[PDB]
Amino acid sequence: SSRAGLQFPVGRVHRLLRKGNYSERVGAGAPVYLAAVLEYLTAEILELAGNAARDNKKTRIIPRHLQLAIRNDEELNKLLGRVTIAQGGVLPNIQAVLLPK
DNA sequence: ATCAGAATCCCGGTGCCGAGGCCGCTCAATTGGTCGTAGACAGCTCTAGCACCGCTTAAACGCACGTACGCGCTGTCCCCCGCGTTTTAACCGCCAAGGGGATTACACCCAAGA
């Protein structure tokens, strides 16, 4: 992790890939790549959640912040389409035909 | 246009259990070395993909006319929209079923074992 400049563990990812019964041999660049991708995804999600929390005057990330960060982003909603977030709720979307005319 | 009215958001205020910081190891991560096979690279090939022509024809577009599905407007009465009353989902103290100490007054005498 220190040689690749990543916060996610490289040895743990390598051990998980070796014990997960995915392939006979595992290279040295695949765990680094997977850890980097996971770290980038986590960083994007956490930044969006922190922005949503700052928009609500909150200092702690709650599942509602994660839901608002995932649903507002198009790519994050496409990647997590069939993903359900517990205690996250939904978006405050009201149809125009239901408003008082 | 205009007001009275219940419903909603932000601020003193507070404290507490969840969020956050620190210590000891020890089992997983790291270093160093010896096998070693799956991976990278060069070579032959012919089959598979690609571009183009000859002859053919049913498919696709413009024309003609109305109409019936498409859609605005109307008469109705309906069954949800919404408030008032407890109640049903559980939460919270005294009866009449029994288990036990206590008694057979008071004072005196005789006989026979450890």
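Residue numbering: from 1, along the chain as shown.
Just so you know, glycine gets a Cβ as well, placed from its N, Cα and C.
Sequence annotations record features per position, and here Swiss-Prot assigns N6-(2-hydroxyisobutyryl)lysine to A:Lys19 (among others) based on experimental evidence. A:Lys19 (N6-(2-hydroxyisobutyryl)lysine) falls within a helical segment according to DSSP. Within 10 Å of the C-beta of A:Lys19 (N6-(2-hydroxyisobutyryl)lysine) we count 8 further C-beta atoms, all protein chains included.
What Swiss-Prot records for A:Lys19 (among others) is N6-(beta-hydroxybutyryl)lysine, and it gives experimental evidence as the kind of evidence.
According to Swiss-Prot, the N6-crotonyllysine annotation covers A:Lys19 (among others).
Within 10 Å of the C-beta of A:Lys57 (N6-(2-hydroxyisobutyryl)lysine) we count 6 further C-beta atoms, all protein chains included. The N6-(2-hydroxyisobutyryl)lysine annotation in Swiss-Prot covers A:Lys57 (among others).
Annotation comment: Swiss-Prot describes A:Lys58 (among others) as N6-(2-hydroxyisobutyryl)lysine, evidence class experimental evidence. Taken residue by residue with DSSP, A:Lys58 (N6-(2-hydroxyisobutyryl)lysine) is part of neither helix nor strand, so it is coil.
The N6-glutaryllysine feature in Swiss-Prot is assigned to A:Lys78 (among others); the stated evidence is experimental evidence. Around the Cβ of A:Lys78 (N6-glutaryllysine), a 10 Å sphere holds 8 further Cβ atoms from the protein chains shown.
The secondary structure of A:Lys78 (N6-glutaryllysine), as reduced to three states from DSSP, is helical. The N6-succinyllysine annotation in Swiss-Prot covers A:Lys78.
Summarising the annotation, Swiss-Prot assigns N5-methylglutamine to A:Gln87. Counting only residues at least six positions away in the same chain, the Cβ atoms of A:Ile62, A:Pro63, A:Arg64 sit under 8 Å from the Cβ of A:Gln87 (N5-methylglutamine). When secondary structure is read from DSSP and collapsed to three states, A:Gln87 (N5-methylglutamine) falls in the coil class.
Under the heading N6-(2-hydroxyisobutyryl)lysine, Swiss-Prot lists A:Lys101 (among others). In this view, A:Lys101 (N6-(2-hydroxyisobutyryl)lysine) is surrounded by 5 other Cβ atoms within 10 Å of its Cβ, with every protein chain counted.
DSSP assigns A:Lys101 (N6-(2-hydroxyisobutyryl)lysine) to coil in the three-state reduction, placing it in neither a helix nor a strand. Under the heading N6-crotonyllysine, Swiss-Prot lists A:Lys101 (among others).
The feature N6-(beta-hydroxybutyryl)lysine is assigned by Swiss-Prot to A:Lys101 (among others), with experimental evidence given as support.
Sequence annotations record features per position, and here Swiss-Prot assigns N6-glutaryllysine to A:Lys101 (among others).
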- Separation of alpha carbons, A:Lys57 (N6-(2-hydroxyisobutyryl)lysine) and A:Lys19 (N6-(2-hydroxyisobutyryl)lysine) (Å): 43
- Around A:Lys58 (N6-(2-hydroxyisobutyryl)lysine), how many other C-beta atoms are within 10 angstroms of its C-beta? 14
